[PDB]
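Asker: PDB entry and its sequence, pasted below:
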Amino acid sequence: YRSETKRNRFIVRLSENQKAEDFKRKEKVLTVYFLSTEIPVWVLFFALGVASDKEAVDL
Amino acid sequence: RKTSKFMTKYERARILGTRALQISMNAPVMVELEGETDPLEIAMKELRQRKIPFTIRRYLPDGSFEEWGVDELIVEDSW
Amino acid sequence: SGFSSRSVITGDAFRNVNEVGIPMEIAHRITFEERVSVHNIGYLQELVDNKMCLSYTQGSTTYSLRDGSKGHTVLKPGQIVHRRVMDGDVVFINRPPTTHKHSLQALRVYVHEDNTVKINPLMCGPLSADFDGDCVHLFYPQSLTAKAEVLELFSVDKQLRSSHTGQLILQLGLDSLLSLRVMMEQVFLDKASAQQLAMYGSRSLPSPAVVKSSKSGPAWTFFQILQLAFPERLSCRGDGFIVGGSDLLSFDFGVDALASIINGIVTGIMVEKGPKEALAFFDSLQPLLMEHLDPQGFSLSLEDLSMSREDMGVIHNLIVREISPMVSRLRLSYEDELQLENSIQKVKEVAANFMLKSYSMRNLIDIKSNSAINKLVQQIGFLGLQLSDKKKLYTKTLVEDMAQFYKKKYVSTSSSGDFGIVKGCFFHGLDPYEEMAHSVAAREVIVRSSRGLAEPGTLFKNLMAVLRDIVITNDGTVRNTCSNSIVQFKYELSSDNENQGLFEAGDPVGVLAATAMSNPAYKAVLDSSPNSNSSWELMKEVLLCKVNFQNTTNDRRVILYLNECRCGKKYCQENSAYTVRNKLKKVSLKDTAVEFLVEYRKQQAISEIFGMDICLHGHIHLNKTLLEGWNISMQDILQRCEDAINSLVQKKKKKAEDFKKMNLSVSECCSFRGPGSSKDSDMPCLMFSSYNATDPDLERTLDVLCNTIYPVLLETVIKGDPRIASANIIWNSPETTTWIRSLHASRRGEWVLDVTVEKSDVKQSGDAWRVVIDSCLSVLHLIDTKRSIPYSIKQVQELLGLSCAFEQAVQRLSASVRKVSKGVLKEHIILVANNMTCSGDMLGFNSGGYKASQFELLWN
Amino acid sequence: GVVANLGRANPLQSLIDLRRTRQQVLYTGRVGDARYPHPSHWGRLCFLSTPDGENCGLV
Amino acid sequence: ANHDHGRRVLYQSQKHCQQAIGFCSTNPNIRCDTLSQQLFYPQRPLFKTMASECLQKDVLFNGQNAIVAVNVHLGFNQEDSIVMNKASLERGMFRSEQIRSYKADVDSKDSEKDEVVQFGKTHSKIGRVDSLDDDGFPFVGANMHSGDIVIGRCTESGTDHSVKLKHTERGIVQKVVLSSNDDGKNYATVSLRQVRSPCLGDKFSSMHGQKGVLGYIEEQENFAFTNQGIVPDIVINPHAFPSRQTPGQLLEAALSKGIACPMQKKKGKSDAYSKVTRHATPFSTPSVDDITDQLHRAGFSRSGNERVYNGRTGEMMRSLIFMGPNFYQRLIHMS
Amino acid sequence: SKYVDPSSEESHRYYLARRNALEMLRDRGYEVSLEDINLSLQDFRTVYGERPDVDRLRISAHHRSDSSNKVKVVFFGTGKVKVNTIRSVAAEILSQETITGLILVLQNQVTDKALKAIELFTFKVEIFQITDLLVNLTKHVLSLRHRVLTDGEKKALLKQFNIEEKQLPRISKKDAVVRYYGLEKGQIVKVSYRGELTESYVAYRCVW
Ligand SMILES: [Mg+2]
Ligand SMILES: [Zn+2]
């Protein structure tokens, strides 16, 4: 999600596993958000007030 | 002996230079002419009928050399 | 030496070959010095009393011109005279070095107005120019030694044979050869045209061939017209020409070989009477032709470019007969692009066959050449294949959405034909889609022939750093000058008998070989045609080799020949072709799988182990048809999995899989697939267990340890050698159109195995072929050694020795440099190869390979 | 690669000089199709005329 | 334009159209720039295209309608070289006219905001001052030579800082312009004028990327002439067409030759000038049958050719010659 | 063509290696019979073990040039070589009147025990790998019949063109023909080529 103005804007990256020893499953990390500060996706779900799971799967 | 009884192009290109330079530097003519006033044209004729007094010294790569008179070598042009 | 020139060049046919026209704008500003002698003063005082002279600077250094009315002042013999540029002088012509093609010529000066340079049209070859605005530099020999060596070395008759090919540097050009063709098709001349043409050359005129008939008067043939350019008393024997006593006795029919039979006669004249009679032949022949074309004319028409309509219907019935059903196979087949081009040129030849049935088109184009016979089908026939994915500069995405963009009234109206095929021609016009496709093709050719091109530029310096200091010494030993070591004992073959016309001692033959090898590089790069781009890297494989083993993919291929006939078993050859592939072609486990299911249930009672160490049971289901297709059993899978998982925990790896189960491959487990797949248990093999964590405490943290051995189960091999990357059975056509072989003359159809090893090739060179031979042990009887070399020519030097690689480098450079320039003296090839193979093994001509006269003096 | 001089030799050189658009040079490692007519040029840009040389197909 | 090879159209539409000599401006008294150029008699083409008709700018075409015959000359039109006609050159055809401007400057009047190089004469005869006036500049009818003084920018006592001509600039003075800036920075502008006819080294081109150099200027009575007495203005070599793949030039010549000719059998049954094609629009072009049937209606031969007689021997040349008008162009950087 | 394909595969790797080494000593001009090199592989594997054969009397190829030039080999079927193996197989076998031995390495040999292999006085040794010897490079179509020159013809070559030893077109001492015939620095070889370009060309090389 680019924005020419407002130079604090973010991307969601799914093809990084943080390690490659045997193999890990591809999990989504909402990577760098304020030119630093990676977060996983679900903390930023429940920070924005998702009630439970199975609605985030339906979102 | 052993050293290529013809003449190189590179040796013609120096002997005609020195010959015509000395002829343009007050040397006597040695052939009969027909009014030619170009020193290369002059220097061509005594080569054409074997009348030049030079000694060509062919070096060798090992260290020795040769001795040859320009009358000896065949600048023939026959075909 | 005059240091500069800025002038366009132009042409002039009626002025001699080694003559050049100077503008008076610059001819009156260039000086030739000259020494006042005892001889020259009767000429110099004529030059100095009037104008056409300059400052009379002697040792007193008087810079007074010929302008202040000083008069004669008859000079001292000994002074030096600056004058202007008269006729008959010598100049030295060149351009800025776009290439070091031998543009060095010596020419005679004529001074005129009209500020261009006028050369003969025969100097468009040697000076490498056309007449659309080229700029040349001129240089002046000022010293007398300069004039001496320039006139002696660099004149046209001195350089009449090419020092890079061995042929004549002067051949009949554009209009002259047309004049000869139309003079051949009109064999008889009248009296008046004959006597008019007789004014030009020499030899007055022979008696008429036909001296009378019933109707006309006398009649001449045109061979008698050709006699007029000859020198006196010529006697030479030829393939079609017979010359006895300055007459042309017989001349062969062949109009197709006409630029050779003329080229035979000039070579015979140069053999018999020298070069200064060959130039007289040219200077008497060229205006004799250009005046013969003057009262006839020659032109084009619109009916020449118009192919007939029923023949147009013939050629349009071949795009959708053998080209649309072939592009129906191009849907899945990739690498038949040379089969593609074979069918295309089969169409292009019969297309070009029709438009030579006109009088004007036979005579403006060279019929034989492939270069300009398809260009004319691109403007009377059709263009052809404008798009492919193998024109490797635009990516595959452009091809896929240009294929998609065929929705632009091509799917809305049609599906016939295909994208990338143009059924139309330049003469009848291109509707906008195929115009866009032609634009991407022409754009790609511009980008390819525009970019880069400094690789021959750096290759010239990388050939000049090492091949510079090599001459022919006074005894004939070709030696490095700075080391005095024999690189080659004797030059050109059979030139030790005393017959001259050949190389001499002093010739810098390495600098000859550098330029004579650098010119085909530019002729291959600046033309982006496919035969000129396929052969550009065949020089780079040989000349740009690196001695330090980089372990590239050219360093891994091995070709395998298999010739054990039996004579008459009828497809024993092709059965031999594929079983040796079957022993070596690699198949794995990760390819034939479909899914992977771990499950605590369904084997609770099958878990009979007294302490219950067994809970999880990971199925790995296969697909039946591929396991039943290539004749792969199920118990050998158990064999190859169990011994591998044993022999890799015996390796110092871990203690994570010591208690592996690897039960059995059953081909029918159960009515499984709770999560929806709905199949009926078709090869659900390898139903293992992982009880390493005995009494498994946590279910989820033990399931991840059943997902650290699923990869090492996937990555195993089943049937084939683990070291083989691929193996391919190809090329049922051994003729001379394909790559370099060791033998093939006998058969015409032999199958081969292109075999590639993966990266287990250690830093030792020559190990890929070592592994392939150490692989085929069970099948050595039907593979054919004494042949089957490795591919890269450094590895052949590693295997068979240096002197085999010498002949292979010779043949590869030969077959490479033929395909772009069509003729090159073999002695430069042999000299380059011996300079590679002198100090031990093959040292290349690059930055890595780099990391490892004086003959006389005059007396009197 | 922005504001230039205005040609005046023709009155057509000024028209050509006032109607031009330019792709920058980002990095020469696989620019891709950045100098080849893409089927989205249909009717908007020109698929026959372009400069040749240092910026063939970028202007 | 969809008949030519794409490389030729790239040539024509990027370089040769941008260089051709033609219109310049309609107020040349104010444009003080280096090397303004202009023809005498600019023209429009005989044909029509769609965009040139909707735009209605005849300044999109900079050249003249030459008559081109493809034939072998004596060997002067080889290697992409062209041959003109001297009689056509003497009636004004392709005659151009260039104007170059020479510029200098000095400080305000007296301020720093000696090194005062005030524009003057400096009568002590430094160089050549035959044409300069007292102000430091020449007059408005002068005939400035190969190397003169063009602006007298000399100080009061020291040596000259004056601008001088180099080796290759000369010409009649057209105007003198003297302006300034806010801080008095006085500016000087002198424009010279020249008239050039095309010489034996100049370059020309067609509408199809087919360029050459004028290599041979021929007198009128030696060209091949038709039975009407028509002579070509430019003669080119037939070895240029089967390789470079431009049939659009031959089709253009046939179209324009079918436009400009009269139309016989005009008495009754028609006004006889209404079924005439003038539109060579690029992607929608007339067919071969339209052009050849128009040439049949105009009286000429259907194949495009035309019978000529020689200008030297005077008898019938055996090969029929292809003639017809074509819009050619004259390019800058003459030599 | 037809194909059978059973093999005790390890014995094939010694059949080909032994037959190549006996062909090499045959072309070095030693006393070796016809039938010992021209046996088949079937009657090879019968008499010499079908699968197993190590330290066998097959290795006892040991012959004379004409009178007293003695060359024998020692095959190593191992997967690791140290100093103890080679000393235990050489310190007993040099008392069988030999002057040159050969080494047939199978796994690898390291430079960590190289000086103890070139310490051997008056007894030069040559090495190989088993995996190189599975073919005949001399029987290949693209191999060239070398002809070694004598010392007198070497001096006549150096004196003919008045040329020093170190000026010749060289050849490395690791070439597949140099190591094959057992050649030495200084010795001059002569090659006659054949090809469409290089047919009548000849070339001289000495070893450096
Ligand atoms: Mg030119
Ligand atoms: Zn299963």
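Answerer: Received, thanks. Numbers count the residues shown, from 1 in each chain, chains lettered A, B, ... in the order given. Ligands and ions are numbered 1, 2, ... in the order given.
Asker: Just the buried residues of the lengthiest helix in chain E, please?
Answerer: Of all the segments assigned as helix in chain E under DSSP state H, the longest by residue count is helix E:248-260. Using 16 or more other Cβ atoms under 10 Å in any protein chain shown as the burial criterion, the residues of helix E:248-260 that qualify are E:248, E:249, E:250, E:251, E:252, E:253, E:254, E:255, E:256, E:257, E:258, E:259. Any C-beta I mention is one placed from the backbone N, CA and C, and that applies to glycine too.
Asker: and what of stretch B:37-53?
Answerer: Applying a neighbour-count criterion of 16+ other Cβ under 10 Å, the buried positions in stretch B:37-53 are B:38, B:39, B:40, B:42, B:43, B:44, B:45, B:46, B:47, B:52.
Asker: Okay, angle between whichever helix or strand comes after the longest helix of chain E and helix E:248-260 too, please.
Answerer: Along the chain past helix E:248-260, the next helix or strand (assigned with DSSP states H and E) turns out to be helix E:288-297. Our comparison of helix E:288-297 with helix E:248-260, counting by axes from the mean of the first three to the mean of the last three Cα atoms, to 10 degrees, yields an angle of 40 degrees.
Asker: and the nearest residue to residue E:38 once chain neighbours are set aside, how many neighbours does it have?
Answerer: Computed as Cβ to Cβ, 6 or more residues apart in numbering or on different chains, the closest residue to residue E:38 that is not its neighbour in sequence is residue E:24, at 4.3 Å. Around residue E:24 there are 21 other residues, counting by other Cβ atoms under 10 Å in any protein chain shown.
Asker: can you pull the contacts of the residue most central in space within chain B?
Answerer: Relative to the mean C-alpha position of chain B, the nearest C-alpha, by Cα atoms, centre = their mean, is the one of residue B:15, at 4.8 Å. By Cβ atoms under 8 Å, 6 or more residues apart in numbering or on different chains, residue B:15 lies in contact with B:47, B:52, B:54, B:56, B:70, C:858.
Asker: Show me the buried residues of stretch B:37-53 that map onto helices.
Answerer: When DSSP H defines the helices, the subset of the buried residues of stretch B:37-53 inside them is B:39, B:40, B:42, B:43, B:44, B:45, B:46, B:47.
Asker: quick one: contacts for the first one?
Answerer: Residue B:39 makes contact with B:20, B:21, B:23, B:24, C:37, C:39, C:144, according to Cβ under 8 Å, 6+ apart.
Asker: can I get those in CSV with distance to chain E and secondary structure?
Answerer: Formatted as CSV, the contacts of residue B:39 follow (distance: Cβ to the nearest Cβ, whole Å; DSSP: H, G, I helix; E, B strand; the rest coil):
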residue, distance to chain E, secondary structure
B:20, 36, helix
B:21, 36, helix
B:23, 39, helix
B:24, 34, coil
C:37, 35, coil
C:39, 38, coil
C:144, 31, helix
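Asker: that older thread, would the residue nearest to the centre of chain B count as being in a helix?
Answerer: Yes: with DSSP: H, G, I helix; E, B strand; the rest coil as the criterion, residue B:15 is assigned to a helix.
Asker: tell me the domain ranges of chain F?
Answerer: In the domain annotation for chain F, the residue ranges read F:1-135, F:136-208 (curated CATH domains).
Asker: Would you state the strands of chain F in chain order?
Answerer: F:62-64, F:70-75, F:100-104, F:124-126, F:147-148, F:170-171, F:188-192, F:202-207 (DSSP state E).
Asker: among those strands, which is the most enclosed?
Answerer: Per-stretch averages of neighbours, counted by mean count of other Cβ atoms under 10 Å in any protein chain shown, single out strand F:170-171 among the strands of chain F, with a mean of 22.
Asker: residues near residue 29, how many?
Answerer: Unless you meant another one, I'm taking chain A. Neighbour count for residue A:29, taken as other Cβ under 10 Å: 15.
Asker: My question was about chain D, not that one.
Answerer: Other residues near residue D:29 come to 5 when the count uses other Cβ under 10 Å.
Asker: how close does it get to chain F?
Answerer: Taking Cβ to the nearest Cβ, to the nearest Å as the criterion, residue D:29 is separated from chain F by 40 Å.
Asker: next one: residue C:772
Answerer: As for residue C:772, its distance to chain F is 10 Å (criterion: Cβ to the nearest Cβ).
Asker: Likewise for residue C:847?
Answerer: With the distance defined as Cβ to the nearest Cβ, residue C:847 ends up 22 Å from chain F.
Asker: ok, back up a step: and the residue nearest to residue E:38, what element?
Answerer: Per DSSP H and E: residue E:24 is located in neither a helix nor a strand.
Asker: Enumerate every residue touching it.
Answerer: Residue E:24 makes contacts with D:8, D:11, E:31, E:36, E:37, E:38, as judged by Cβ under 8 Å, 6+ apart.
Asker: cool, and residue E:129?
Answerer: With contact taken as Cβ under 8 Å, 6+ apart, residue E:129 is in contact with E:121, E:123, E:149, E:152.
Asker: give the contact list for the nearest residue to the last one once chain neighbours are set aside.
Answerer: Closest residue in space to residue E:152, ignoring its immediate chain neighbours: residue E:136 at 3.6 Å, by Cβ to Cβ, 6+ apart. Residues in contact with residue E:136, defined by Cβ under 8 Å, 6+ apart, are E:119, E:120, E:121, E:151, E:152, E:153, E:154.
Asker: Surely residue E:307 touches residue E:227?
Answerer: Yes: under the criterion of Cβ atoms under 8 Å, residue E:307 is in contact with residue E:227, at a separation of 7.2 Å.
Asker: quick one: which of these two has more around it?
Answerer: Each of residue E:307 and residue E:227 had its neighbours counted (other Cβ under 10 Å), and the higher figure belongs to residue E:307 (14 against 9).
Asker: Quickly find the element holding the residue of chain A found nearest chain F.
Answerer: Taking Cβ to the nearest Cβ as the measure, chain A has residue A:22 as its residue closest to chain F, at 30.2 Å. Assigned by DSSP H and E, residue A:22 belongs to neither a helix nor a strand.
Asker: closest one to residue E:329 among the strands of chain F?
Answerer: strand F:202-207 (62.5 Å; Cβ to Cβ).
Asker: Count the residues that sit near residue C:620.
Answerer: When neighbours are defined as other Cβ under 10 Å, residue C:620 has 23 of them.
Asker: How about it: what's its closest non-neighbour residue?
Answerer: In space, and not counting its chain neighbours, residue C:620 is closest to residue C:686: 4.6 Å by Cβ to Cβ, 6+ apart.
Asker: And for residue C:607?
Answerer: residue C:614 (3.9 Å).
Asker: hang on, isn't that neighbour packed against residue C:604?
Answerer: No: Residue C:614 is not in contact with residue C:604 according to Cβ under 8 Å; the separation is 9.2 Å.
Asker: give the contact list for whichever residue of chain F sits closest to ligand 1.
Answerer: For chain F, the residue closest to ligand 1 is residue F:197, as judged by Cβ to the ion, at 37.1 Å. Residues in contact with residue F:197 (Cβ under 8 Å, 6+ apart) are C:810, C:811, C:814, C:826, C:829, C:830.
Asker: Same question for residue C:747.
Answerer: Residues near residue C:747 by Cβ under 8 Å, 6+ apart: C:563, C:734.
Asker: Next up, phi/psi of it, please.
Answerer: Backbone torsions for residue C:747, taken as degrees, to the nearest 10, come to phi -90, psi 180.
Asker: Nearest spatial neighbour of the residue in chain B that chain F sits nearest to, chain-adjacent residues omitted?
Answerer: Chain F sits closest to residue B:62 of chain B, with a gap of 4.9 Å, by Cβ to the nearest Cβ. Leaving aside its sequence neighbours, residue B:62 sits nearest to residue F:162 (Cβ to Cβ, 6+ apart; 4.9 Å).
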